[PDB]
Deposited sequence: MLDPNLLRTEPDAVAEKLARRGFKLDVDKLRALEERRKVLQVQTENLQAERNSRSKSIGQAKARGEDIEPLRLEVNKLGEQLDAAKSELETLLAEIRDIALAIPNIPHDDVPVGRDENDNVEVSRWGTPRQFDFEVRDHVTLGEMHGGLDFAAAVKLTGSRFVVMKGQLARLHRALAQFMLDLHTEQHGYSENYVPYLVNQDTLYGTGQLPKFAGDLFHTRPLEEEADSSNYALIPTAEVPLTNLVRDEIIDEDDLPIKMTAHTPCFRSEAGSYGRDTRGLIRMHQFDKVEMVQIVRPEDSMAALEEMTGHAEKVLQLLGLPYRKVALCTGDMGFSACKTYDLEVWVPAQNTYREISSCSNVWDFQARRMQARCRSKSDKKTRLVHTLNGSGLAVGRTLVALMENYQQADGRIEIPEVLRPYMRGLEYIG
């Protein structure tokens, strides 16, 4: 959610910044709705005052006929309820516009139309030269009998996988290593979170109202018919960021650094034809998430810190990658600034996204009413939120299998993972 006072004092300036994302702000409709709102608001508050006054006239006349007065109060009560209902409809209409507005891109963000306009910031490692024909992770998984897409189609449907044996163990070892790295070395606190969340949570991090169709929704439970309209989490960012919803945090307690390993459930729109085979785009994928809750003046430094934390995973695993600054046209809804880490994928002869690290500024904090305060301060302010993959576990497995494959199809276990695999050097 953008600052509503900033959508009042500077609507054309806000529209200019948003146009860089390729978003057209309906400034004229917002202005016409706001003008009709001020009219209904005065009319409504005048009715609230006179109803309040007429009811007080009854209560005091009861001590000293209360029938002509009780009739008037009920007529006014009906008029106020109608005016309040008419007002609420207009407020819901303003909300539909306001809550579909993406975040204002920060001045640090390069201007661009799409991903082909993204700026490379750095590159680490050298992609391996092979002495044989590179096999993809799908072929390698079939050779080991460890990645089974057919068994998952039978169990569920498309865009699911069954991992069996040592390759399943390796996937677990990756998540164990990532969580240990962030909690032991990077100052993050571990969390076990719910994988089903409510509407409030989804509005809080921006999945609602605009991206309902990208989620798996659950039907309400018989015993909880009016309080169980849930959706599966598309990322641990959703439950983790919402832990500070409706909180006033003492500034001394900031930064709040949280991590979680969860499955992620998505039904991303128009992906039909893009990455048809393999683990890159799945309905269910594991991800180790890093979330930061910080003071407004520390969010830019926190973005560099958190990106470095994701980079460390790739570096320790010896996976070559490139760090990319996303342009205005390729950023996610909530982000004001994003870096994507793209890992070398040998069978694809390119770098593929494995992490997205964002500074959300106060956009989610505004929706969640998440604020901070120094103990002295007469006023509170909205916190800044940040999130980043450290990393997407299935995509790490893709990268690991392909970069560490041997001529016979054996998978060399990266050195840092060997303590997580009982010192095993190779799978196969």
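- Missing from the model, relative to the deposited sequence, is only the range 65 to 66.
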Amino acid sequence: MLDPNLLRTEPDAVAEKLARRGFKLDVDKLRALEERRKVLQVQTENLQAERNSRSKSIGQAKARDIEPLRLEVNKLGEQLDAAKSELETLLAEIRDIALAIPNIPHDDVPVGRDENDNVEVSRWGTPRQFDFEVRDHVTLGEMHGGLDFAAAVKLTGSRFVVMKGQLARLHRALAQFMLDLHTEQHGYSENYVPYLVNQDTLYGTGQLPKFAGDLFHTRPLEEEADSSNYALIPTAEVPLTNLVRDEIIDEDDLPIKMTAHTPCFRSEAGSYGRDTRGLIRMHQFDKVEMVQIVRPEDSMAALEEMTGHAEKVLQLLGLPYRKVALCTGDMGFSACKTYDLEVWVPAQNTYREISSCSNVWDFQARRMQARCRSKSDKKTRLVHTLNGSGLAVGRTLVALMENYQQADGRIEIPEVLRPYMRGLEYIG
From here on, numbers count along this sequence of modelled residues.
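Just so we're on the same page, rigid core means the largest C-alpha set that superposes within 1.5 Å between forms.
- In summary, of the stretches 306 to 314 and 260 to 268, 260 to 268 shows the greater Cα distance from the shown form in 4 other deposited structures of this protein, with structures fitted on the rigid core.
- Mean CA temperature factor is higher for 217 to 225 when stretches 217 to 225 and 189 to 197 are set side by side in the entry.
- The mean Cα B-factor in the deposited entry runs higher for 108 to 116 than for the other of 108 to 116 and 352 to 360.
- Of all the options 74, 284, 205, 235, the entry's greatest CA B-factor is assigned to 74.
- When the Cα B-factors of 246, 148, 180, 268 are read from the PDB record, 268 comes out highest.
- The PDB entry assigns residue 39 a C-alpha temperature factor belonging to the middle third of its chain's modelled residues.
- When all modelled residues of the chain are sorted by CA temperature factor, residue 163 is found within the lowest third.
- When the modelled residues of the chain are ordered by their C-alpha B factor, residue 289 lands in the lowest third.
- In this PDB entry, residue 172 carries a Cα temperature factor that places it within the lowest third of its chain's modelled residues.
- In the PDB entry, residue 153 places in the lowest third of its chain by CA B-factor.
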